[PDB]
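This document opens with one chain alone, in structure tokens, the form solved without the ligand.
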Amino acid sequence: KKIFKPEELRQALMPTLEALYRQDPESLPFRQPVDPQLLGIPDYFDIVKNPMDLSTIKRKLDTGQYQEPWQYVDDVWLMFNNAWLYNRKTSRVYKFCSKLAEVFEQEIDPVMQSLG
């Protein structure tokens, strides 16, 4: 149990999010919210109940809307789980998601220990 300052969470967690942005082109389909009408995928919101993307996570850090570090981690995992759920395992976006998940898994473990 701990009260976290939003600036403390930003300085600690934003580097792990930037490590995902730096993956090019793997991060490109994750940088903005999925737009099913534009992309022609009307079943997306049938499958994905709670969408999440990098720009939404970044804004929540910038505005202090995470109270605790595990809320940030849950949003990153939600973004990954949505992409693995909707896209087929042979697809470009599914393989992109696995690469981003590999990067995040290596970045987030010591950061979470330092925060407590």
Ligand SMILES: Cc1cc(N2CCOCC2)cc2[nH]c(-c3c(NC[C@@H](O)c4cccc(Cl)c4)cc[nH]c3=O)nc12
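In case it trips you up, residue 1 is the first one in the sequence shown, and so on. Each form is matched to the other, and the largest set of C-alpha atoms that superpose within 1.5 Å is called the rigid core.
Here the rigid core sets the fit, and in 7 other deposited structures of this protein the C-alphas of 5-13 stray farther than those of the other stretch, out of 5-13 and 90-98. Remark: when the other structures in 7 other deposited structures of this protein are fitted onto this one via the rigid core, 35-43 deviates more than the alternative among 35-43 and 51-59, judged by RMS CA distance. Stretches 102-110 and 18-26 differ in mean C-alpha B factor, with the higher average recorded for 102-110. Relative to one another, 67-75 and 53-61 have unequal mean CA B-factors, and 67-75 is the one with the higher figure. When the CA B factors of the chain's modelled residues are split into thirds, the value for residue 81 lands in the lowest one.
When the CA B factors of the chain's modelled residues are split into thirds, the value for residue 9 lands in the middle one. In the PDB entry, a CA B factor belonging to the middle third of its chain's modelled residues is recorded for residue 91.
Omitted here: the form deposited with the ligand bound. The next part is about that form.
Residue contact with the ligand in the entry with it bound: residue 65 places no heavy atom within 4.5 Å of it. Although the partner is absent here, residue 112 is a contact residue: one of its heavy atoms lies within 4.5 angstroms of the ligand in the entry with it bound. Taking a 4.5 Å heavy atom cutoff to the ligand in the entry with it bound, the contacting residues in 98-116 are 98, 101, 102, 105, 108, 109, 112.
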